[PDB]
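*Asks:* Below is the file run17.cif, which contains mmCIF, C-alpha atoms.
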```cif
data_protein
#
loop_
_atom_site.label_atom_id
_atom_site.label_comp_id
_atom_site.auth_asym_id
_atom_site.auth_seq_id
_atom_site.Cartn_x
_atom_site.Cartn_y
_atom_site.Cartn_z
CA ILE A 4 35.54 44.25 15.88
CA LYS A 5 33.48 41.09 15.52
CA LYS A 6 32.51 38.41 18.04
CA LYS A 7 29.90 35.67 18.16
CA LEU A 8 27.28 35.95 20.87
CA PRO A 9 28.35 33.58 23.69
CA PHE A 10 24.98 32.05 24.55
CA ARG A 11 21.59 30.98 23.18
CA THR A 12 19.20 33.83 22.49
CA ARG A 13 15.67 33.79 23.87
CA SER A 14 14.38 34.12 20.28
CA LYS A 15 15.02 31.89 17.29
CA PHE A 16 16.06 34.70 14.93
CA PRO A 17 16.54 37.68 17.24
CA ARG A 18 15.54 41.12 15.94
CA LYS A 19 18.10 43.96 15.63
CA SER A 20 16.93 45.44 18.93
CA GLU A 21 17.23 42.04 20.62
CA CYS A 22 20.72 41.57 19.17
CA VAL A 23 22.00 45.03 20.13
CA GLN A 24 20.87 44.54 23.71
CA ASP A 25 22.30 41.01 23.83
CA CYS A 26 25.65 42.29 22.56
CA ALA A 27 25.50 45.09 25.11
CA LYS A 28 25.09 42.61 27.95
CA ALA A 29 27.70 40.20 26.62
CA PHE A 30 30.49 42.61 25.71
CA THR A 31 29.77 46.23 26.75
CA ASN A 32 28.43 45.67 30.28
CA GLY A 33 24.96 46.48 28.97
CA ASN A 34 26.03 49.71 27.24
CA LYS A 35 24.04 49.52 24.01
CA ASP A 36 25.59 52.72 22.62
CA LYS A 37 28.99 51.07 22.04
CA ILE A 38 27.45 48.28 19.92
CA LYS A 39 28.04 49.40 16.35
CA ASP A 40 26.47 46.55 14.38
CA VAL A 41 24.62 43.26 14.71
CA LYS A 42 23.93 40.30 12.44
CA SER A 43 21.04 38.00 13.33
CA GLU A 44 21.80 34.28 13.45
CA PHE A 45 20.03 31.08 14.51
CA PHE A 46 19.59 31.31 18.32
CA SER A 47 22.67 33.54 18.12
CA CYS A 48 23.93 36.65 16.33
CA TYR A 49 27.20 38.44 15.62
CA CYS A 50 28.34 41.55 17.50
CA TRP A 51 30.28 44.55 16.13
CA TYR A 52 31.74 47.04 18.58
CA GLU A 53 34.83 49.06 19.40
CA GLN B 57 -14.89 21.37 -18.65
CA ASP B 58 -13.99 17.77 -17.79
CA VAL B 59 -10.55 19.09 -16.86
CA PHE B 60 -9.74 16.47 -14.22
CA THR B 61 -10.39 13.62 -16.67
CA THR B 62 -7.91 15.29 -19.04
CA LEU B 63 -5.41 15.75 -16.21
CA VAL B 64 -5.61 12.07 -15.26
CA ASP B 65 -5.55 11.08 -18.95
CA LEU B 66 -2.29 12.90 -19.73
CA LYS B 67 0.69 10.59 -20.04
CA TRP B 68 2.97 10.55 -17.00
CA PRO B 69 5.70 13.04 -18.13
CA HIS B 70 2.96 15.45 -19.24
CA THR B 71 1.14 15.10 -15.90
CA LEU B 72 4.37 15.65 -13.94
CA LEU B 73 5.09 18.73 -16.07
CA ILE B 74 1.59 20.13 -15.41
CA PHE B 75 1.85 19.68 -11.66
CA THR B 76 5.40 21.02 -11.27
CA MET B 77 4.40 23.98 -13.46
CA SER B 78 1.31 24.68 -11.33
CA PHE B 79 3.33 24.53 -8.10
CA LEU B 80 6.05 26.77 -9.58
CA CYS B 81 3.46 29.27 -10.86
CA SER B 82 1.76 29.46 -7.45
CA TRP B 83 5.15 29.94 -5.77
CA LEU B 84 6.14 32.70 -8.22
CA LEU B 85 2.78 34.50 -7.97
CA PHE B 86 2.84 34.61 -4.18
CA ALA B 87 6.55 35.47 -4.30
CA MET B 88 5.53 38.52 -6.33
CA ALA B 89 2.85 39.26 -3.71
CA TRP B 90 5.31 39.01 -0.79
CA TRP B 91 7.92 41.10 -2.63
CA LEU B 92 5.32 43.77 -3.44
CA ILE B 93 4.16 43.92 0.19
CA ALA B 94 7.77 44.13 1.42
CA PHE B 95 8.51 47.00 -0.98
CA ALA B 96 5.29 48.85 -0.12
CA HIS B 97 6.13 48.58 3.59
CA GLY B 98 9.68 49.80 2.93
CA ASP B 99 11.35 46.56 4.03
CA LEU B 100 13.47 46.50 0.86
CA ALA B 101 15.14 49.83 1.63
CA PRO B 102 17.97 49.31 4.17
CA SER B 103 16.94 50.70 7.52
CA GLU B 104 18.49 51.35 10.92
CA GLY B 105 15.89 49.56 13.02
CA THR B 106 12.96 51.60 14.25
CA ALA B 107 10.29 49.87 12.14
CA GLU B 108 9.48 46.19 11.99
CA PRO B 109 8.86 44.43 8.65
CA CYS B 110 5.76 42.62 7.59
CA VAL B 111 7.95 39.63 6.91
CA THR B 112 11.41 39.51 8.47
CA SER B 113 14.59 39.30 6.35
CA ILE B 114 12.99 39.95 2.95
CA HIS B 115 15.84 41.70 1.12
CA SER B 116 15.05 41.01 -2.56
CA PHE B 117 12.78 38.95 -4.80
CA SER B 118 14.92 35.89 -4.02
CA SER B 119 14.00 36.20 -0.33
CA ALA B 120 10.33 36.51 -1.30
CA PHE B 121 10.59 33.43 -3.52
CA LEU B 122 12.27 31.35 -0.81
CA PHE B 123 9.66 32.58 1.67
CA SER B 124 6.76 31.73 -0.67
CA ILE B 125 8.22 28.24 -1.08
CA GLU B 126 8.56 27.97 2.72
CA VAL B 127 4.96 28.97 3.45
CA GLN B 128 3.32 26.99 0.63
CA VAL B 129 5.24 23.73 1.18
CA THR B 130 5.03 24.43 4.96
CA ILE B 131 8.75 23.87 5.50
CA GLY B 132 9.00 27.13 7.46
CA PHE B 133 12.71 27.70 8.07
CA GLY B 134 11.82 30.78 10.12
CA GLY B 135 14.62 33.05 8.97
CA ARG B 136 11.86 34.87 7.08
CA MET B 137 8.57 34.84 9.00
CA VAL B 138 5.32 36.81 9.03
CA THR B 139 5.12 39.33 11.85
CA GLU B 140 2.08 41.16 13.20
CA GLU B 141 2.92 44.54 11.66
CA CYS B 142 0.85 44.80 8.49
CA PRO B 143 -2.46 42.88 8.22
CA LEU B 144 -2.07 42.56 4.43
CA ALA B 145 0.73 40.05 5.04
CA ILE B 146 -1.63 38.10 7.32
CA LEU B 147 -4.32 38.09 4.61
CA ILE B 148 -1.82 36.96 1.97
CA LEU B 149 -0.61 34.23 4.36
CA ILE B 150 -4.21 33.02 4.75
CA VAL B 151 -4.83 33.10 0.98
CA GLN B 152 -1.56 31.32 0.16
CA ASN B 153 -2.19 28.57 2.73
CA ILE B 154 -5.75 28.06 1.45
CA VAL B 155 -4.75 27.84 -2.21
CA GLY B 156 -1.68 25.73 -1.38
CA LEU B 157 -3.82 23.14 0.41
CA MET B 158 -6.32 23.42 -2.46
CA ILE B 159 -3.92 22.79 -5.34
CA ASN B 160 -2.00 20.17 -3.33
CA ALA B 161 -5.33 18.38 -2.86
CA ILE B 162 -6.22 18.76 -6.56
CA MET B 163 -2.90 17.26 -7.69
CA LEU B 164 -3.10 14.56 -5.00
CA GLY B 165 -6.56 13.40 -6.08
CA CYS B 166 -5.75 13.59 -9.80
CA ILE B 167 -2.72 11.32 -9.51
CA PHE B 168 -4.53 9.03 -7.09
CA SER C 113 6.43 35.99 21.56
CA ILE C 114 2.63 36.07 21.86
CA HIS C 115 2.00 39.80 22.23
CA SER C 116 -1.60 40.19 20.99
CA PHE C 117 -4.38 38.30 19.22
CA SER C 118 -2.50 38.77 15.94
CA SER C 119 0.42 36.77 17.33
CA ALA C 120 -2.01 34.06 18.47
CA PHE C 121 -3.63 33.98 15.02
CA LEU C 122 -0.29 33.71 13.22
CA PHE C 123 0.76 31.01 15.70
CA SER C 124 -2.49 29.05 15.22
CA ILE C 125 -1.93 29.20 11.45
CA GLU C 126 1.67 28.03 11.97
CA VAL C 127 0.75 25.03 14.11
CA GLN C 128 -2.30 23.91 12.11
CA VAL C 129 -0.71 24.21 8.65
CA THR C 130 2.56 22.91 10.22
CA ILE C 131 4.64 25.73 8.73
CA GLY C 132 6.22 26.41 12.13
CA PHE C 133 8.26 29.59 11.72
CA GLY C 134 9.47 29.19 15.30
CA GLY C 135 9.38 32.84 16.34
CA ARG C 136 6.36 31.78 18.41
CA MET C 137 6.74 28.25 19.78
CA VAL C 138 5.24 26.15 22.55
CA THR C 139 7.49 25.87 25.60
CA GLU C 140 7.28 23.42 28.50
CA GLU C 141 5.92 25.91 31.04
CA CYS C 142 2.17 25.35 31.16
CA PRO C 143 0.73 21.91 30.29
CA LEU C 144 -2.51 23.49 29.01
CA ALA C 145 -0.57 24.79 26.01
CA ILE C 146 0.69 21.24 25.40
CA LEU C 147 -2.87 19.89 25.57
CA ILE C 148 -4.13 22.59 23.18
CA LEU C 149 -1.21 21.79 20.84
CA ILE C 150 -2.25 18.11 20.85
CA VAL C 151 -5.92 18.96 20.25
CA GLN C 152 -5.15 21.42 17.45
CA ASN C 153 -2.83 18.98 15.67
CA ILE C 154 -5.42 16.19 15.94
CA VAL C 155 -8.29 18.28 14.61
CA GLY C 156 -6.08 19.87 11.94
CA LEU C 157 -5.11 16.46 10.57
CA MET C 158 -8.77 15.44 10.91
CA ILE C 159 -10.33 18.31 8.97
CA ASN C 160 -7.48 18.30 6.43
CA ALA C 161 -8.27 14.62 5.85
CA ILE C 162 -12.02 15.32 5.62
CA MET C 163 -11.53 18.05 3.00
CA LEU C 164 -8.93 15.95 1.16
CA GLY C 165 -11.24 12.94 0.85
CA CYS C 166 -14.28 15.04 -0.06
CA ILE C 167 -12.56 16.73 -2.98
CA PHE C 168 -10.92 13.48 -4.03
#
```
Would you kindly transcribe this structure into structure tokens?

*Replies:*
Amino acid sequence: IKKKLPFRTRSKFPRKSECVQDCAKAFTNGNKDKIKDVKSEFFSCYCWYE
Amino acid sequence: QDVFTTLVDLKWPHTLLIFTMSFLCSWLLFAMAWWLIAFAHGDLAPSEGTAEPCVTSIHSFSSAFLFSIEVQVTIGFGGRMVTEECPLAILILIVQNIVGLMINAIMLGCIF
Amino acid sequence: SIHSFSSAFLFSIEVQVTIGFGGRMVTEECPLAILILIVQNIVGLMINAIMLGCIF
């Protein structure tokens, strides 16, 4: 399932690693393993997880 | 050999055609350079995420062409940017900036 | 995102040629970076103008 990252990322176009960790904090209580995909966006990026 | 006198002496549609063709040729040549570097680094193959690209988000020749336009005209959208991974990208960035300033200056002086 | 001298070199290229990719950008933390940004922009416009006029 897909959500937008709630808040502004520390980097303009965050890297896949940056996005997976941001999604982990936002939606999986920091558990990176449950984040199944990421899509970089401007000061934001989209999160895919179960 | 008196090439700049010819370039000034061309009638205005001819001069505009020369300068837009020179800018387009420089953009396409360095687009080919960026695309070749991105292939040779493996950035064109989809990858999970261990390695970092020379230039971010270069997925095809269209990305390389947009990036070459961005660096030469210094717009710099930043979706595709040079990283510190391969020094060949840094060298090509230096060369493209130098020749972009050079041919921009040549065109600028000719039509002045 | 200044991690080495390569990041500083790419950033110096970005600010002087005004490409500005924005992965490495000046923040408001230390004013010395602001002063160096001002100085680099001034001398970049200056030497760009000098070269431009010379080859004109």

*Asks:* Please report as CSV every residue of chain B lying within 10 Å of chain C, along with the nearest atom pair and their distance in Å (one decimal), using only C-alpha atoms.

*Replies:*
```
residue,atom,partner,partner_atom,distance
B:126,CA,C:131,CA,7.5
B:127,CA,C:131,CA,6.2
B:128,CA,C:131,CA,8.3
B:129,CA,C:131,CA,7.8
B:130,CA,C:131,CA,4.0
B:131,CA,C:131,CA,5.5
B:132,CA,C:131,CA,4.8
B:133,CA,C:133,CA,6.1
B:134,CA,C:133,CA,4.1
B:135,CA,C:133,CA,7.7
B:136,CA,C:133,CA,7.9
B:137,CA,C:133,CA,5.9
B:138,CA,C:122,CA,7.7
B:139,CA,C:119,CA,7.7
B:140,CA,C:118,CA,5.8
B:141,CA,C:118,CA,9.0
B:143,CA,C:118,CA,8.7
B:146,CA,C:122,CA,7.5
B:149,CA,C:125,CA,8.8
B:150,CA,C:125,CA,8.0
B:153,CA,C:129,CA,7.5
B:154,CA,C:129,CA,9.6
B:157,CA,C:160,CA,8.5
B:158,CA,C:164,CA,8.7
B:160,CA,C:164,CA,9.3
B:161,CA,C:164,CA,5.9
B:162,CA,C:168,CA,7.5
B:163,CA,C:168,CA,9.6
B:164,CA,C:168,CA,8.0
B:165,CA,C:168,CA,4.8
B:166,CA,C:168,CA,7.7
B:168,CA,C:168,CA,8.4
```

*Asks:* Show me, as a ChimeraX atom specification, every residue of chain A with an atom at most 10 Å from chain C, counting only C-alpha atoms.

*Replies:* /A:13-17

*Asks:* Go ahead and write the residues just picked, C-alpha atoms, as a compact mmCIF listing (two decimals), keeping the file's coordinate frame.

*Replies:*
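Below you can see part.txt, which holds the result:
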```
# COMPACT_ATOMS: atom_id res chain seq x y z
CA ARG A 13 15.67 33.79 23.87
CA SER A 14 14.38 34.12 20.28
CA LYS A 15 15.02 31.89 17.29
CA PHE A 16 16.06 34.70 14.93
CA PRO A 17 16.54 37.68 17.24
```

*Asks:* Let me know the residues the PyMOL selection byres ((chain A) within 10 of (chain B)) catches in the file above, as a PDB file with C-alpha atoms, in the frame of the given file.

*Replies:*
```pdb
ATOM      1  CA  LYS A  15      15.020  31.890  17.290  1.00  0.00           C
ATOM      2  CA  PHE A  16      16.060  34.700  14.930  1.00  0.00           C
ATOM      3  CA  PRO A  17      16.540  37.680  17.240  1.00  0.00           C
ATOM      4  CA  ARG A  18      15.540  41.120  15.940  1.00  0.00           C
ATOM      5  CA  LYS A  19      18.100  43.960  15.630  1.00  0.00           C
ATOM      6  CA  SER A  20      16.930  45.440  18.930  1.00  0.00           C
ATOM      7  CA  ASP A  40      26.470  46.550  14.380  1.00  0.00           C
ATOM      8  CA  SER A  43      21.040  38.000  13.330  1.00  0.00           C
ATOM      9  CA  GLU A  44      21.800  34.280  13.450  1.00  0.00           C
ATOM     10  CA  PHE A  45      20.030  31.080  14.510  1.00  0.00           C
TER      11      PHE A  45
END
```

*Asks:* Using only C-alpha atoms, which residue out of A:29, A:35, A:12, A:4 lies closest to residue 48 (chain A)?

*Replies:*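 Looking at the shortest contact to residue 48 (chain A), the residue is A:12.
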
*Asks:* Considering all atoms listed in the file, return as a PDB file with C-alpha atoms, keeping the file's coordinate frame whatever protein or nucleic-acid residues lie within 7 Å of region 69-83 of chain B, sequence-local ones (same chain, fewer than 4 positions apart) excluded.

*Replies:*
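Output below, filename around-v3.pdb:
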```pdb
ATOM      1  CA  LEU B  63      -5.410  15.750 -16.210  1.00  0.00           C
ATOM      2  CA  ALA B  87       6.550  35.470  -4.300  1.00  0.00           C
ATOM      3  CA  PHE B 121      10.590  33.430  -3.520  1.00  0.00           C
ATOM      4  CA  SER B 124       6.760  31.730  -0.670  1.00  0.00           C
ATOM      5  CA  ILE B 125       8.220  28.240  -1.080  1.00  0.00           C
ATOM      6  CA  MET B 163      -2.900  17.260  -7.690  1.00  0.00           C
TER       7      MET B 163
END
```

*Asks:* Evaluate the PyMOL selection byres ((chain C and resi 143-156) around 9) here and jot the selected residues down as a PDB file with C-alpha atoms, in the frame of the given file.

*Replies:*
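Contents of result-v2.pdb, freshly written:
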```pdb
ATOM      1  CA  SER C 124      -2.490  29.050  15.220  1.00  0.00           C
ATOM      2  CA  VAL C 127       0.750  25.030  14.110  1.00  0.00           C
ATOM      3  CA  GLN C 128      -2.300  23.910  12.110  1.00  0.00           C
ATOM      4  CA  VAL C 129      -0.710  24.210   8.650  1.00  0.00           C
ATOM      5  CA  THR C 130       2.560  22.910  10.220  1.00  0.00           C
ATOM      6  CA  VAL C 138       5.240  26.150  22.550  1.00  0.00           C
ATOM      7  CA  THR C 139       7.490  25.870  25.600  1.00  0.00           C
ATOM      8  CA  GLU C 140       7.280  23.420  28.500  1.00  0.00           C
ATOM      9  CA  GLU C 141       5.920  25.910  31.040  1.00  0.00           C
ATOM     10  CA  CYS C 142       2.170  25.350  31.160  1.00  0.00           C
ATOM     11  CA  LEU C 157      -5.110  16.460  10.570  1.00  0.00           C
ATOM     12  CA  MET C 158      -8.770  15.440  10.910  1.00  0.00           C
ATOM     13  CA  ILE C 159     -10.330  18.310   8.970  1.00  0.00           C
ATOM     14  CA  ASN C 160      -7.480  18.300   6.430  1.00  0.00           C
ATOM     15  CA  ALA C 161      -8.270  14.620   5.850  1.00  0.00           C
TER      16      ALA C 161
END
```

*Asks:* Can you measure CA of residue 96 (chain B) to CA of residue 115 (chain B) for me? One decimal in Å is fine.

*Replies:*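 Taking CA of residue 96 (chain B) as the start and CA of residue 115 (chain B) as the end point, the length is 12.8 Å.
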
*Asks:* Please evaluate the PyMOL selection byres ((chain A and resi 38) around 8) against the structure above and give the resulting residues as a list in words.

*Replies:*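 This file gives the following for the PyMOL selection byres ((chain A and resi 38) around 8): residues 23, 26, 27, 31, 34, 35, 36, 37, 39, 40, 41, 50, 51, 52 and 53 of chain A.
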
*Asks:* To one decimal place, how far is CA of residue 46 (chain A) from CA of residue 28 (chain A) in Å?

*Replies:* 15.8 Å

*Asks:* Pick out the residues sitting within 7 Å of residue 49 (chain A), and hand them over as a list in words; count all atoms listed in the file, and ignore anything fewer than 4 positions along from it in its own chain.

*Replies:* residues 5, 6, 7, 8, 41, 42 and 43 of chain A

*Asks:* Take region 16-35 of chain A, bring it up to N, CA, C and O atoms, and give me the output as a short mmCIF file (atom, residue, chain, number, x, y, z; two decimals), in the coordinates of the input.

*Replies:*
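So rebuild.cif came out as:
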```cif
data_model
loop_
_atom_site.label_atom_id
_atom_site.label_comp_id
_atom_site.auth_asym_id
_atom_site.auth_seq_id
_atom_site.Cartn_x
_atom_site.Cartn_y
_atom_site.Cartn_z
N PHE A 16 15.33 33.80 15.82
CA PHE A 16 16.06 34.70 14.93
C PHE A 16 15.91 36.09 15.53
O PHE A 16 15.03 36.86 15.14
N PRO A 17 16.75 36.44 16.50
CA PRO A 17 16.54 37.68 17.24
C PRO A 17 16.56 38.91 16.34
O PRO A 17 17.33 38.98 15.37
N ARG A 18 15.71 39.86 16.66
CA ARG A 18 15.54 41.12 15.94
C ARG A 18 16.71 42.04 16.26
O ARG A 18 17.34 41.85 17.30
N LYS A 19 16.98 43.03 15.42
CA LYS A 19 18.10 43.96 15.63
C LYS A 19 18.14 44.54 17.04
O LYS A 19 19.19 44.60 17.66
N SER A 20 16.98 44.93 17.56
CA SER A 20 16.93 45.44 18.93
C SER A 20 17.37 44.37 19.93
O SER A 20 18.18 44.63 20.83
N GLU A 21 16.85 43.16 19.76
CA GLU A 21 17.23 42.04 20.62
C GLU A 21 18.73 41.79 20.55
O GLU A 21 19.39 41.60 21.57
N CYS A 22 19.30 41.80 19.34
CA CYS A 22 20.72 41.57 19.17
C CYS A 22 21.56 42.68 19.78
O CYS A 22 22.59 42.40 20.42
N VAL A 23 21.20 43.95 19.57
CA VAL A 23 22.00 45.03 20.13
C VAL A 23 22.03 44.93 21.65
O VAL A 23 23.09 45.04 22.27
N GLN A 24 20.87 44.69 22.26
CA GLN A 24 20.87 44.54 23.71
C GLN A 24 21.64 43.30 24.17
O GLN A 24 22.35 43.35 25.17
N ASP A 25 21.53 42.19 23.44
CA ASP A 25 22.30 41.01 23.83
C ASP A 25 23.80 41.28 23.75
O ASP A 25 24.56 40.89 24.64
N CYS A 26 24.25 41.93 22.67
CA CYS A 26 25.65 42.29 22.56
C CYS A 26 26.06 43.22 23.68
O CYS A 26 27.16 43.12 24.23
N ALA A 27 25.18 44.16 24.04
CA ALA A 27 25.50 45.09 25.11
C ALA A 27 25.73 44.36 26.42
O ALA A 27 26.71 44.64 27.13
N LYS A 28 24.86 43.41 26.75
CA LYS A 28 25.09 42.61 27.95
C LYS A 28 26.38 41.81 27.85
O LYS A 28 27.18 41.78 28.79
N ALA A 29 26.59 41.15 26.71
CA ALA A 29 27.70 40.20 26.62
C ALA A 29 29.05 40.90 26.67
O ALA A 29 29.98 40.41 27.33
N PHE A 30 29.18 42.04 25.99
CA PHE A 30 30.49 42.61 25.71
C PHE A 30 30.68 44.04 26.19
O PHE A 30 31.84 44.44 26.37
N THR A 31 29.62 44.82 26.38
CA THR A 31 29.77 46.23 26.75
C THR A 31 29.13 46.51 28.11
O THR A 31 28.77 47.65 28.40
N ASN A 32 28.99 45.49 28.95
CA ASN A 32 28.43 45.67 30.28
C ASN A 32 27.04 46.30 30.21
O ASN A 32 26.64 47.09 31.07
N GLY A 33 26.30 45.95 29.17
CA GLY A 33 24.96 46.48 28.97
C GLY A 33 24.89 47.82 28.28
O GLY A 33 23.78 48.32 28.05
N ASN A 34 26.03 48.42 27.93
CA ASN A 34 26.03 49.71 27.24
C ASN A 34 25.71 49.49 25.76
O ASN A 34 26.58 49.10 24.98
N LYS A 35 24.46 49.74 25.39
CA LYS A 35 24.04 49.52 24.01
C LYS A 35 24.74 50.49 23.05
O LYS A 35 24.98 50.14 21.89
#
```
